[PDB]
Amino acid sequence: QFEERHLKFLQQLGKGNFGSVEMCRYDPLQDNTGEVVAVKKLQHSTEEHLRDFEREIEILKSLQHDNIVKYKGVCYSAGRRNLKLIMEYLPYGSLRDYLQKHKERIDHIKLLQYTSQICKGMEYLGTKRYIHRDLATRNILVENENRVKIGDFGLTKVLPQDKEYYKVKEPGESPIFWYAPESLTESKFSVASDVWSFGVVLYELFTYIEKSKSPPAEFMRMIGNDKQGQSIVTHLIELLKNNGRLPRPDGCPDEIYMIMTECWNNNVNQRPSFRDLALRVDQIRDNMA
Ligand SMILES: CCc1cc(O)c(F)cc1-c1cc(N[C@@H](C)CO)c2nc(N)ncc2c1
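Rules of the game
- Residues numbered from 1 in each chain as written, not as in the entry; some residues may be left out.
- Heavy atoms only, no water.
- UniProt positions renumbered as here; feature names shortened; annotations may be inferred.
- Helix = DSSP H or I, 4+ residues; strand = E, 2+ residues; numbered from the N terminus.
- Contact = heavy atoms within 4.5 Å.
- Polar contact = N/O pair within 3.5 Å; in protein donor to acceptor, adjacent residues only side chain to side chain.
- Buried < 20%, exposed > 50% of the residue type's maximum accessible area, 1.4 Å probe, protein only.
- Near = heavy atom within 4 Å.
- Areas by Shrake-Rupley, 256 points an atom, 1.4 Å probe, with all protein chains shown as cover.

## Topic: the UniProt feature "active site" in the protein chain
As recorded in UniProt, the sites labelled "active site" are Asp134. Within the secondary structure, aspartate 134 sits in the loop between β6 (130-131) and β7 (140-144). Apart from the residues lying within four places of it in its own chain, the contact partners of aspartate 134 are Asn17, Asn139, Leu155 and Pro175. Only 2.8 Å separates the side chain of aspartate 134 from the side chain of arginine 138, close enough to count as a polar contact.

## Observations regarding the side chain of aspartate 27
The topology assignment puts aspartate 27 in the loop between β2 (19-26) and β3 (35-42). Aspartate 27 gets classed as buried once you look at its relative accessible area, which sits at 1%. There is a polar contact of 2.8 Å between the side chain of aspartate 27 and the backbone nitrogen of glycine 34. In this structure, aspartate 27 is in contact with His6, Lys8, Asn32, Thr33 and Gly34, ignoring residues within four places of it in sequence.

## Regarding the site of the ligand
Every one of the 19 residues lining the ligand counts as a neighbour, but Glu56, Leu90, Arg138, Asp152 and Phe153 are closest to it. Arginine 138 is positioned such that a nitrogen or oxygen atom in its backbone is 3.2 Å from an oxygen atom of the ligand. Note that an oxygen atom of the ligand is positioned 3.0 Å from one of the backbone N or O atoms of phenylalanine 153. Protein contacts shield 95% of the accessible area of the ligand, which totals 560 Å² for the unbound molecule. Mapped by element, the contributors of at least two residues to the shell around the ligand are β1 (7-16), β3, α1 (47-61) and β5 (84-88). By residue number, the principal contributor to the shell around the ligand is β1, which donates three residues.

Set out below in structure tokens:
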């Protein structure tokens, strides 16, 4: 158990789904020798978001994989309504920030190593019947130059026993530029819609997070920058239905763009599996190395 009185605030790490992440030192000996941890807390500790946060905690606790952020514990000290989630602190930050800082200094071999690691964490997630729903480089963390881990399980849903999809009745904030067409039209999330988002993550990696090339900038340019609010969703659905897709990033290998376009299939059943994606990406890495 982690006592709040010993959790020393060090710095703000960012905002996750429905909360804030802080870098803290868990220092029970009060000599500044304690472990540095990442702590998620709720900004608005309501009954609905406390229920989702408790589910996120249970989901993360059940996951043990090299490419999934490690759960460490929970801090109850501030009562049952003010829970804190304690996770390992990944010192190189989000993959989005890491790539935007180093750009083309991260070679293609290195990008494919991270791609393979993302596939493996996601494939492991699917064996548990969890649908991440928010796969993006902003939610992927860098442990060191050789390892990335999937983070932010805030939107993660568990598939019902008798269904291959989860229908979200009243959506909250939704990362629509990473969404599969059926997630936009019917609010249906499955392993197949996570594969669609994975194709978007692969696109983010090979654009090196060049601002004007981001999935929102590119899709807005395709539907027209004059579209606003709900109209964006309406026009994005029509664009995807008519095979409007993100372009091939400048300098991206043909083989890598072929994977992205296969992930972006309107037919749910034709999208590749994460097992097949990790095998294909590993073969590509082997053909390069
Ligand atoms: C949103 C909190 C959270 C919840 C989860 O369910 C989860 F699996 C991971 C995280 C999380 C998130 C961070 N940063 C966020 C700002 C980027 O999305 C972390 N940043 C660093 N450097 N280290 C570890 C971090 C762990």
